[PDB]
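Chain letters run A, B, ... following the sequence lines, proteins first, then strands; residues in each count from 1.
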Amino acid sequence: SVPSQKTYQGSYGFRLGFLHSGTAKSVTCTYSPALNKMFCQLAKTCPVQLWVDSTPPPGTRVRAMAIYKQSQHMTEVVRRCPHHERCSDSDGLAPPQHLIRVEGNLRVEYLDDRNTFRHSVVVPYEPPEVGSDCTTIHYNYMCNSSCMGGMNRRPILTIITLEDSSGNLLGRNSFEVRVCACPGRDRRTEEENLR
Amino acid sequence: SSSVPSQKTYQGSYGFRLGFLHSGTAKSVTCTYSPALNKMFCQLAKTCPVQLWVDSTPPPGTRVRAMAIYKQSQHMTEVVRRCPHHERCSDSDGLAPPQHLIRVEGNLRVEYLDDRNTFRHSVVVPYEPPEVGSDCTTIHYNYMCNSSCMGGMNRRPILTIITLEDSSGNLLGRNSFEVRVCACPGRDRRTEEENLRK
Amino acid sequence: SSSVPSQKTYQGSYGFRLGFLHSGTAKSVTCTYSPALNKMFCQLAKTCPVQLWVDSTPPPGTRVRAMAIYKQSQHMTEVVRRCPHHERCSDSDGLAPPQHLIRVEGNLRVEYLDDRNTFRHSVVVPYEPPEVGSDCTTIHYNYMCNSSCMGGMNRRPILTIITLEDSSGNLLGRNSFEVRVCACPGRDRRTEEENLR
Amino acid sequence: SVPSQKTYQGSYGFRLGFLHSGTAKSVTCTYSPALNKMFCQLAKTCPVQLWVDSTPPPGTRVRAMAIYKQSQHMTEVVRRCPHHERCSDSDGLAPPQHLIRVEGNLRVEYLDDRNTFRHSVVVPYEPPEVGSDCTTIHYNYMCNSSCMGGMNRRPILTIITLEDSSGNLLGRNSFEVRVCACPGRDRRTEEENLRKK
DNA sequence: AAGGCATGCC
DNA sequence: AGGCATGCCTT
DNA sequence: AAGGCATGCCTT
DNA sequence: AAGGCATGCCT
Ligand SMILES: [Zn+2]
Ligand SMILES: [Zn+2]
Ligand SMILES: [Zn+2]
Ligand SMILES: [Zn+2]
């Protein structure tokens, strides 16, 4: 099967927010509204903001999961490539083969789905700090979109799911991702190609 | 290391908690504690008084352990140790091994431990009742690298976890505080408290 | 792993030299040799003819071994092998182990060695004297990763070392050449020669 | 004792030239004529030019050595700090303890002096490439001047000696070095400090 | 690149 | 100690 | 197949 | 930082 990518704001009015960081050639992470697509560097901080209109009950969780965007690849599990899965870059919390990690959260939980084989990463939902209007999660993507024998130049979507403590769905959003060496340059290229 | 210790405050059955002197915020005061951040700012090798408060005295053989861990989860599995320079300095107090970040000063019964499973350093003294007239037990800690030390803490913040333990080493109580070991404790304290309010 | 095998040229008693076809320099020529660099430029999995020239014929049972090594000293002790991706590729020729960078095509008497003491890989075939009117023996090698493969040669130059050896594995002669396995052998040879002068 | 730092051109007219790289904040390497001082980043290329009026014999060598500049530190051997000594920054040729390396010269040699324990790096002298008038060596400095447990904010000199094959001196030149994060910034600051208001 | 600031030292 | 010495971040 | 582009990385 | 270049892939 294929996990749903249907936007669902749900009862908490759950939306995603991004930092608008421009298009300098090698900016670490930038987001393109035209494309609803994140462009980021391998292993670097990728902030994603969680915006809600009302606070979810305690025990709420936030899951991220990658799937290939193109229909002919959707059934293939998105994983790190054979080279990077073997690299010495463990943070001591994440599985070597998971593409998406969360950094900065000791309560992070990774899953290898026993039936789908799909990887995901889950953290508990915490409301914004005082004064803040949104909750920021810092993701890292641990292969380039180009990785031979991994994503192998295929676009992926990251699906962000808000879940109750047992995994029932409360909210869903998604964005496309390109992990590459030069996010600003590649953001500009894809955008210009869209004209 | 492959695991991390708890930082969960645990008063336990003796009502265990920590107390800190009120100190300056003068640029380079040798040790100053921020209640807003629950964070100690201090200079390398300078006295850090930490007060132990209990509601009733624990049994003889009770011990007090201090251990350092990285605050950031992405570094938390890594053992906090001295940098290559300071490890090789000739600054022993007579008992402390050269690789240990935290020393206790002024106590003959101090012991330094390397965990053989976790590899983690800690320093442990026997627990003493507060002196006659006093309400708490003051221990004098030192930190033997700056937070900035290259090849050591390397600008990564740490927490010090203080545990009350029985003689076999089971937990009686736990508290913790962040530490920055820096050149200008008063300056840095204020900078960080200012940042809170932004 | 282990120490570096000698790369010293040793023509020996049989006058052992190598020779290479005088190929193209068009962008993506499958295989081209630069006399100036003593360097082959070739594509992944494409035929790389290598000529054996001896002044005098080696005895029955002589064998021809090739083995790759990193050119550079910091890299010399590391075994040249295929990157994790290509090693797990379904590209067997039926005979070569999947980790081996260097294959021989067209030769059912090929053997592949995983050296138990050095961990180094090599591929060896029986020596055959030239046929009739031919002045050399040609072996067709294939290189199964690009020089650039991350997790493998990772942009680090290699040498291939061809040894002539007796039926017992004793050295008879030795030659070597540098290799770059890349997408566009012609372009990259031009570039590299250009940069030399 | 302390090695001599006194400049002399000697019989080959031996002198150093530097590149004039300007003072942008983060320029890799830049040189101050007014200070006879090179400002450079840790581990980056520092080009140093050898100029001679006549060609010394082959077997002629060019050695580089750091000493502390201040008279009270002079007798202390200049070395990397414990942290950088330990880092994984090896080129496979240089000893981990040596501040000064030569990059891009496979003939480099390092010395630990048996009497003084001072470090040095030496390369054969080679004549200018045809159509050029000087020989360039690429030095790397492998600690910052500010490195705690190494130079610890003490200025140093590099002494470049032209030597015959016995190590007899043919020519000497020296210059101050500051290894720092922002050479351009720091050269500016230091030259501004030469001024009277 | 080159603004911004962290952090040692005076 | 405000002012500087000097490192490292990201872009 | 030369020309153009995709895309990682180094330089300053 | 954008420029430049290494180096795979394509039309
Ligand atoms: Zn990868
Ligand atoms: Zn230290
Ligand atoms: Zn490969
Ligand atoms: Zn250093």
Side-chain angles (χ1 to χ4, degrees), chain A residues 19 21-30 39 41-42 44-45 143-148 152-153 178-186 188-190 192-193, chain B residues 24-29 41 43-44 146-150 153-155 157 180-188 190-192 195, chain C residues 24-26 28-30 41 43-44 145-150 153-155 180-188 190-192 195, chain D residues 19 21-30 39-42 44-45 143-148 151-153 178-186 189-190 192-193:
Chain A
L19 295 192
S21 69
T23 57
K25 176 159 174 156
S26 278
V27 59
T28 296
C29 181
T30 179
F39 289 88
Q41 293 198 317
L42 201 177
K44 300 290 195 54
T45 310
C143 272
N144 290 133
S145 287
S146 61
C147 283
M148 194 181 34
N152 186 36
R153 305 159 179 239
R178 179 187 163 101
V179 193
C180 48
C182 295
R185 171 188 70 192
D186 299 356
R188 288 166 60 84
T189 301
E190 314 212 345
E192 195 55 21
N193 289 178
Chain B
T25 220
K27 216 250 197 36
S28 311
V29 54
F41 296 78
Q43 311 196 320
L44 199 156
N146 298 113
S147 301
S148 61
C149 275
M150 193 176 33
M153 290 185 278
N154 198 223
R155 302 185 182 212
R180 176 182 171 90
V181 187
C182 54
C184 311
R187 177 187 71 173
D188 300 354
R190 276 167 131 296
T191 294
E192 273 181 59
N195 292 176
Chain C
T25 200
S28 314
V29 62
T30 49
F41 289 78
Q43 303 182 309
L44 202 162
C145 272
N146 299 125
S147 292
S148 69
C149 280
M150 85 186 149
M153 290 182 283
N154 200 35
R155 293 175 182 243
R180 170 194 179 84
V181 195
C182 58
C184 307
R187 167 187 89 184
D188 295 1
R190 279 199 152 99
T191 293
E192 211 149 316
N195 155 278
Chain D
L19 293 185
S21 295
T23 54
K25 184 189 177 159
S26 282
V27 67
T28 300
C29 180
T30 185
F39 291 76
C40 62
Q41 302 179 338
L42 204 159
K44 301 300 199 151
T45 306
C143 268
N144 288 145
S145 283
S146 62
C147 276
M148 169 186 71
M151 290 179 281
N152 193 38
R153 302 173 178 209
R178 174 194 179 85
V179 194
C180 50
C182 305
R185 183 182 63 182
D186 295 348
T189 303
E190 196 176 337
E192 282 294 332
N193 284 329

What heavy-atom pair brings [X] and [Y] nearest, and what distance separates the two atoms?
X: D:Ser26; Y: D:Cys182; value: OG-SG, 4.4 Å
X: D:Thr28; Y: D:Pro183; value: O-CG, 3.7 Å
X: D:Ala181; Y: D:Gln41; value: O-NE2, 3.0 Å
X: B:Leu44; Y: B:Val181; value: N-CG1, 3.5 Å

Pucker class of [N], where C1'-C2'-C3'-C4' positive means north and negative means south:
N: F:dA1; result: south
N: G:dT12; result: north
N: G:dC10; result: south

(request) Keeping the roles fixed (side chain from B:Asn195, backbone from B:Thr191), state whether a donor-acceptor pair exists under 3.5 Å. (result)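 Looks like yes, one N/O pair under 3.5 Å.
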
(message) Any side-chain to backbone donor/acceptor pair from D:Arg178 onto D:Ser145? Under 3.5 Å, distance only.
(response)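 No; judged by distance alone, with no hydrogens or angles, the pair does not exist.
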
(request) Quickly work out the B:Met153 CE to E:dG8 P distance and round it to whole Å. (result) 10 Å

(message) Could you check whether any side-chain heavy atom of D:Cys180 comes within less than 4.5 Å of a side-chain heavy atom of D:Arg185, counting everything from C-beta outward?
(response)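 The answer is no, as the side chains (C-beta and beyond) never meet within the 4.5 Å cut-off.
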
(request) Answer whether the closest heavy-atom distance between the side chains of D:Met151 and D:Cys143 falls below 4.5 Å. (result)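 A side-chain contact exists here, since the closest heavy-atom pair is under 4.5 Å.
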
Could you give the distance separating [M] and [N] at their [atom1] atoms, to the nearest angstrom?
N: E:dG8; M: G:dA6; atom1: P; answer: 47 Å
N: E:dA2; M: G:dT12; atom1: P; answer: 14 Å
N: E:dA1; M: G:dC10; atom1: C1'; answer: 14 Å

(message) Could you spell out the base pairing of DNA chain F as a dot-bracket line? Use Watson-Crick and G-U wobble contacts where both distances are under 3.5 Å, [ ] for crossing pairs, | for partners on a different strand.
(response) .|||||||||.

(message) Please encode protein proximity along nucleotides 1-11 of chain F as a string of B, S and -, counting only heavy-atom distances under 4.0 Å.
(response) -BB--BBB--S

